[PDB]
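**Student:** Got target.txt for you, compact mmCIF, C-alpha atoms:
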# COMPACT_ATOMS: atom_id res chain seq x y z
CA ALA A 206 -72.63 -121.87 94.23
CA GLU A 207 -70.33 -119.89 91.96
CA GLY A 208 -70.86 -119.89 88.22
CA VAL A 209 -69.49 -122.12 85.50
CA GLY A 210 -66.26 -120.19 84.99
CA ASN A 211 -64.85 -120.22 88.50
CA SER A 212 -63.34 -123.35 90.04
CA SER A 213 -65.01 -124.88 93.09
CA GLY A 214 -61.80 -126.00 94.80
CA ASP A 215 -58.09 -126.57 94.44
CA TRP A 216 -55.71 -129.50 94.73
CA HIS A 217 -54.27 -130.27 98.17
CA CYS A 218 -51.75 -133.02 98.89
CA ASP A 219 -49.35 -132.85 101.82
CA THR A 220 -48.26 -134.64 104.97
CA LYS A 221 -46.91 -132.55 107.84
CA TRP A 222 -45.48 -133.94 111.06
CA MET A 223 -46.44 -131.44 113.73
CA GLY A 224 -45.66 -133.26 116.89
CA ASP A 225 -47.35 -136.16 118.60
CA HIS A 226 -49.87 -135.92 115.74
CA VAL A 227 -49.57 -135.96 111.94
CA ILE A 228 -51.94 -134.75 109.22
CA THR A 229 -52.21 -136.39 105.81
CA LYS A 230 -54.08 -134.92 102.89
CA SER A 231 -54.63 -136.14 99.35
CA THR A 232 -56.75 -135.61 96.26
CA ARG A 233 -57.85 -137.92 93.44
CA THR A 234 -60.13 -137.99 90.41
CA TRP A 235 -63.13 -140.28 89.97
CA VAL A 236 -65.64 -141.28 87.30
CA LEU A 237 -69.19 -142.48 87.94
CA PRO A 238 -71.05 -144.57 85.36
CA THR A 239 -74.81 -144.96 85.30
CA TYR A 240 -75.61 -148.33 86.87
CA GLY A 241 -78.50 -150.62 86.03
CA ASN A 242 -80.39 -148.03 83.97
CA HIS A 243 -81.75 -146.53 87.20
CA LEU A 244 -83.39 -149.74 88.37
CA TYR A 245 -83.40 -151.83 91.52
CA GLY A 246 -82.99 -155.49 90.75
CA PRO A 247 -83.25 -158.37 93.12
CA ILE A 248 -80.35 -160.80 92.88
CA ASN A 249 -79.94 -164.34 94.09
CA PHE A 250 -77.91 -167.46 93.53
CA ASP A 251 -79.50 -170.74 94.50
CA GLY A 252 -77.28 -173.56 95.68
CA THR A 253 -78.47 -175.91 92.96
CA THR A 254 -75.49 -175.54 90.64
CA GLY A 255 -71.89 -174.43 90.48
CA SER A 256 -70.21 -173.74 93.81
CA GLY A 257 -72.76 -175.46 96.02
CA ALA A 258 -75.42 -174.93 98.63
CA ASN A 259 -73.02 -172.98 100.84
CA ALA A 260 -72.81 -170.19 98.26
CA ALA A 261 -76.47 -169.17 98.21
CA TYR A 262 -77.39 -165.52 98.75
CA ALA A 263 -80.21 -163.06 98.16
CA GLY A 264 -80.24 -159.29 97.99
CA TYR A 265 -80.76 -156.17 95.91
CA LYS A 266 -78.87 -153.95 93.49
CA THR A 267 -78.97 -150.22 93.44
CA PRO A 268 -78.23 -147.42 90.97
CA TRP A 269 -76.27 -145.68 93.72
CA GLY A 270 -72.51 -145.86 94.11
CA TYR A 271 -70.12 -145.04 96.90
CA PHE A 272 -66.60 -144.10 97.93
CA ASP A 273 -64.50 -146.68 99.76
CA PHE A 274 -61.32 -145.00 101.01
CA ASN A 275 -60.47 -147.56 103.70
CA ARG A 276 -56.95 -148.90 103.18
CA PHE A 277 -53.71 -147.52 104.52
CA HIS A 278 -51.94 -146.93 101.26
CA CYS A 279 -54.48 -144.32 100.26
CA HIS A 280 -53.28 -141.96 102.98
CA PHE A 281 -49.52 -142.63 103.01
CA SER A 282 -46.72 -142.98 100.56
CA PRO A 283 -44.04 -145.67 100.85
CA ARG A 284 -41.62 -143.01 102.01
CA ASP A 285 -43.95 -141.47 104.58
CA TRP A 286 -44.89 -144.92 105.79
CA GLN A 287 -41.23 -145.75 106.34
CA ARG A 288 -40.78 -142.51 108.24
CA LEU A 289 -43.65 -143.61 110.47
CA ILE A 290 -42.80 -147.16 111.37
CA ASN A 291 -39.13 -146.73 112.19
CA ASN A 292 -39.48 -143.84 114.62
CA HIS A 293 -42.97 -144.27 116.05
CA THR A 294 -44.31 -147.21 118.06
CA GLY A 295 -48.04 -146.56 117.77
CA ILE A 296 -50.75 -144.77 115.83
CA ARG A 297 -54.49 -144.24 116.04
CA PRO A 298 -56.93 -142.16 114.00
CA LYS A 299 -58.30 -138.91 115.40
CA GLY A 300 -60.65 -137.22 112.92
CA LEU A 301 -61.13 -136.65 109.22
CA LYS A 302 -62.53 -134.20 106.68
CA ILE A 303 -63.75 -135.10 103.21
CA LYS A 304 -64.72 -132.84 100.33
CA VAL A 305 -65.85 -133.46 96.76
CA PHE A 306 -65.92 -130.75 94.12
CA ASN A 307 -65.38 -129.81 90.48
CA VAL A 308 -68.21 -132.05 89.37
CA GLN A 309 -68.94 -132.07 85.66
CA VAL A 310 -71.50 -134.16 83.78
CA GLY B 623 -15.11 -133.13 111.36
CA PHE B 624 -15.36 -129.45 112.11
CA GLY B 625 -12.43 -127.10 111.65
CA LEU B 626 -12.29 -124.50 114.40
CA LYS B 627 -10.34 -121.34 115.06
CA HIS B 628 -10.84 -121.70 118.81
CA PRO B 629 -11.38 -125.34 119.74
CA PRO B 630 -12.32 -126.63 123.17
CA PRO B 631 -9.35 -125.96 125.42
CA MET B 632 -7.08 -128.74 126.58
CA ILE B 633 -7.51 -129.76 130.21
CA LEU B 634 -4.39 -130.87 132.06
CA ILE B 635 -4.07 -132.55 135.43
CA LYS B 636 -1.31 -133.81 137.69
CA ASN B 637 -1.05 -135.00 141.27
CA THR B 638 1.16 -132.80 143.42
CA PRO B 639 4.43 -134.27 144.71
CA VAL B 640 4.84 -135.39 148.31
CA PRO B 641 8.49 -135.60 149.38
CA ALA B 642 10.00 -138.49 151.28
CA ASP B 643 11.67 -137.92 154.63
CA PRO B 644 14.49 -135.39 154.28
CA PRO B 645 17.91 -135.77 155.88
CA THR B 646 18.56 -134.05 159.18
CA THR B 647 21.15 -131.53 158.01
CA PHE B 648 20.47 -128.91 155.38
CA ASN B 649 21.15 -129.95 151.79
CA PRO B 650 20.80 -127.13 149.23
CA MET B 651 20.21 -129.57 146.38
CA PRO B 652 16.63 -130.19 145.25
CA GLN B 653 14.76 -133.22 146.54
CA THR B 654 14.37 -136.16 144.17
CA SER B 655 12.82 -138.73 146.55
CA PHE B 656 9.03 -138.93 146.48
CA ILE B 657 6.15 -141.04 147.72
CA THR B 658 4.62 -143.23 145.03
CA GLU B 659 0.94 -142.50 144.52
CA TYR B 660 -1.83 -142.33 141.97
CA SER B 661 -5.22 -140.66 141.72
CA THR B 662 -8.65 -141.58 140.45
CA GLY B 663 -12.12 -140.14 140.08
CA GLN B 664 -15.00 -139.44 137.75
CA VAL B 665 -15.46 -136.98 134.91
CA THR B 666 -18.64 -135.96 133.13
CA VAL B 667 -19.08 -134.28 129.77
CA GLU B 668 -22.25 -132.57 128.55
CA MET B 669 -22.59 -131.74 124.85
CA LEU B 670 -25.21 -129.59 123.15
CA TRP B 671 -25.83 -130.43 119.50
CA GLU B 672 -27.87 -128.72 116.80
CA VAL B 673 -29.51 -130.85 114.12
CA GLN B 674 -31.53 -130.37 110.95
CA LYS B 675 -34.70 -132.33 110.32
CA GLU B 676 -35.86 -132.30 106.72
CA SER B 677 -38.78 -132.91 104.40
CA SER B 678 -38.13 -134.67 101.09
CA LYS B 679 -40.96 -135.54 98.76
CA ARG B 680 -39.44 -138.52 96.93
CA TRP B 681 -41.95 -141.32 96.58
CA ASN B 682 -40.01 -144.53 97.06
CA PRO B 683 -38.44 -145.58 100.36
CA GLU B 684 -34.90 -144.53 101.24
CA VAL B 685 -32.10 -146.78 102.44
CA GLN B 686 -31.36 -146.73 106.15
CA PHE B 687 -28.88 -148.25 108.56
CA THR B 688 -30.00 -151.61 109.92
CA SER B 689 -28.38 -154.59 111.63
CA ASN B 690 -28.29 -157.58 109.28
CA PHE B 691 -26.02 -160.03 111.12
CA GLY B 692 -27.63 -163.44 110.99
CA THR B 693 -26.69 -165.02 114.31
CA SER B 694 -23.98 -165.02 116.93
CA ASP B 695 -22.83 -167.58 119.46
CA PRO B 696 -22.60 -166.15 123.00
CA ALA B 697 -19.89 -168.71 123.62
CA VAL B 698 -17.58 -166.66 121.39
CA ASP B 699 -18.48 -163.23 120.00
CA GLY B 700 -21.63 -162.23 121.82
CA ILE B 701 -23.90 -159.63 120.25
CA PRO B 702 -22.42 -157.19 117.72
CA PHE B 703 -21.87 -153.83 119.39
CA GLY B 704 -21.87 -155.68 122.69
CA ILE B 705 -19.46 -157.23 125.13
CA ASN B 706 -18.02 -160.48 123.82
CA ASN B 707 -17.18 -163.56 125.86
CA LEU B 708 -13.97 -162.30 127.43
CA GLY B 709 -15.39 -158.98 128.59
CA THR B 710 -14.08 -156.72 125.84
CA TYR B 711 -16.32 -154.33 123.94
CA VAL B 712 -16.32 -154.83 120.17
CA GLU B 713 -17.45 -152.41 117.46
CA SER B 714 -18.63 -154.54 114.55
CA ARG B 715 -18.67 -152.35 111.46
CA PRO B 716 -17.99 -148.69 110.64
CA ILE B 717 -20.91 -146.30 110.42
CA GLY B 718 -21.01 -143.21 108.25
CA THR B 719 -23.55 -140.43 108.37
CA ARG B 720 -24.82 -140.34 104.80
CA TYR B 721 -27.79 -142.63 104.33
CA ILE B 722 -30.34 -140.11 103.02
CA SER B 723 -30.59 -139.47 99.30
CA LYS B 724 -31.04 -135.84 98.33
CA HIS B 725 -30.74 -134.56 94.79
CA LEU B 726 -28.01 -132.15 93.75
Using structure tokens, write down the structure from this file.

**Tutor:**
Amino acid sequence: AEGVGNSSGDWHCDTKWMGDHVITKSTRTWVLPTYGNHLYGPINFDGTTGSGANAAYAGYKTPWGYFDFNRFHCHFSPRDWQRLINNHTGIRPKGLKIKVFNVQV
Amino acid sequence: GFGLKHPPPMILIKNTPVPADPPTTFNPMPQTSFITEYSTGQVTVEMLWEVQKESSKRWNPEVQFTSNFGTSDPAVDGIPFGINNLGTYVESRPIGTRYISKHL
């Protein structure tokens, strides 16, 4: 919304142990290339050669790209992980917020 | 430990004397003959402690106190920090309080 000069957000990284629940927060920088020259291809591998007939597949490619944040070591640090597993006997996720900003092309 | 001007007071106890049968006639001397006895009972102690929990931002994992003993034969020593074969309680190794690294 705001103009070129102002910044659209600020860095946040912390983990605070409030009680029976804990909140982790982190920020990283990404880079997005232009894939496939903005074209959908089909892709396939027939089982004629190489690996074998068990390796066959068929599908499409897309210019789009996506964030995969699903692993544990994204959200914890080896210290904070230690702090978790020695004291606490269980954990489950509750909710999450995600925000992307400071885009520049 | 903690140096104190006024420490917890010292609690003393004794079991009052019961004299053995006196002679018939009056003897002004004090009485040295007593009935042998002992006492027993329970005592409880309730402490209130104040601790500090901390937040340190170092990345890599700290050292902590863990039990590394490989194995123990119950026929002899039993579990470390546990009653051995003969019924005595044994304290394996000394334990200090400084395991957390914190920079000067």

**Student:** For chain A versus chain B, which residues have an atom no more than 7 Å away, and what is each residue's nearest atom pair and distance in Å rounded to one decimal, using only C-alpha atoms, chain-then-number order, as JSON lines?

**Tutor:**
{"residue": "A:282", "atom": "CA", "partner": "B:681", "partner_atom": "CA", "distance": 6.4}
{"residue": "A:283", "atom": "CA", "partner": "B:683", "partner_atom": "CA", "distance": 5.6}
{"residue": "A:284", "atom": "CA", "partner": "B:683", "partner_atom": "CA", "distance": 4.4}
{"residue": "A:287", "atom": "CA", "partner": "B:683", "partner_atom": "CA", "distance": 6.6}

**Student:** Report as a list in words all protein, DNA and RNA residues lying within 9 Å of residue 714 of chain B, evaluated on all atoms listed in the file, omitting residues in the same chain fewer than 2 positions from it.

**Tutor:**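 After dropping sequence-adjacent residues, the list is residues 702, 703, 704, 712 and 716 of chain B.
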
**Student:** Using only C-alpha atoms, which protein or nucleic acid residues come within 10 Å of residue 695 of chain B? Drop anything in the same chain fewer than 6 positions from it, and give the result as a list in words.

**Tutor:**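 Surrounding residues, per the criterion: residues 701, 706 and 707 of chain B.
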
**Student:** Which polymer residues have any atom within 8 Å of an atom of segment 228-237 of chain A, counting only C-alpha atoms, with same-chain residues fewer than 6 positions away left out, as a list in words?

**Tutor:**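 That gives residues 216, 217, 218, 219, 220, 221, 222, 270, 280 and 281 of chain A.
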
**Student:** Distance atom CA of residue 290 of chain A-atom CA of residue 275 of chain A, one decimal place?

**Tutor:** 19.3 Å

**Student:** Let me make sure I understand: among B:667, B:713, B:641, B:654, which one has the smallest atom-to-atom distance to residue 699 of chain B if we use all atoms listed in the file?

**Tutor:**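 Nearest candidate to residue 699 of chain B out of B:667, B:713, B:641, B:654: B:713.
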
**Student:** Given only C-alpha atoms as the basis, pick out the residue of A:293, A:269, A:278, A:208 nearest to residue 244 of chain A.

**Tutor:**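 Of all the options, A:269 lies closest to residue 244 of chain A.
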
**Student:** So what do you get for atom CA of residue 301 of chain A versus atom CA of residue 226 of chain A, distance-wise?

**Tutor:**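 Atom CA of residue 226 of chain A lies at a distance of 13.0 Å from atom CA of residue 301 of chain A.
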
**Student:** At what distance in Å, to one decimal, does atom CA of residue 669 of chain B lie from atom CA of residue 223 of chain A?

**Tutor:**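 These atoms are spaced 26.3 Å apart.
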
**Student:** Have a look at B:717, B:674, B:666, B:658 and name the one nearest to residue 687 of chain B; count all atoms listed in the file.

**Tutor:** B:717

**Student:** Between A:262, A:227, A:257, A:276, which has the minimum distance to residue 300 of chain A (counting only C-alpha atoms)?

**Tutor:**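 Under the stated criterion, the closest residue is A:227.
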